[PDB]
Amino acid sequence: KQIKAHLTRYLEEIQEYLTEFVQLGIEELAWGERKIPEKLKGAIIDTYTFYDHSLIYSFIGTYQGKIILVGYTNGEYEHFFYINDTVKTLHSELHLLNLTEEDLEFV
C-alpha cells in the first residue's frame, strides 16, 4: 500500500485500485531505446499492475524479492519512474512520487 498509494495518488492528479499479478520475461516489457540492464537479461520478474473499470495502468516489478521497476502504461507507451538491476538504481524519478530509495529497501 506504501508505494502503491503514492504511485496512484501521483498519476491521478497528473478512486481505488485492485492488483493483477503476472510473471513476465524482462524482455516482454517495452524498453524502447534502453538496452536491458546486464544483470537482469533473461529474468522472469513478478509484476503487480493496479487497475479499476472506470478505465491507463500503473505497476511495480520485483525480482529476488527486490523492487526493480515502477512505471505506468498508456497503450504502446510504458514509462519507468524507477529501474534497478538488483545491485544499483540506473534510473529514478521517485521524487515525483514523493518516494525515496529507502521507502523501497523498507517494504
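Residue numbers here begin at 1 and follow the sequence given.
> Residues with no coordinates between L55 and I56 in the deposited sequence, how many: none, 1 to 3, 4 to 9, or 10 or more?
Replying inline: Some 4 to 9 residues are missing between them.
>> Going by the PDB record, how many residues of the deposited sequence fall between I14 and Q15 without any coordinates: none, 1 to 3, 4 to 9, or 10 or more?
In response: Some 4 to 9 residues are missing between them.
> Which has the higher mean CA temperature factor in the PDB entry, 26-34 or 59-67?
Replying inline: Comparing 59-67 with 26-34, the higher average CA B-factor belongs to 26-34.
>> Please compare 69-77 with 44-52 and say which has the higher mean C-alpha temperature factor in the record.
In response: If you average the C-alpha B-factors of 69-77 and of 44-52, the larger mean comes out for 69-77.
> Thinking about Cα B factors across the chain, which third does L99 belong to?
Replying inline: It belongs to the middle third of the chain when residues are ordered by C-alpha B-factor.
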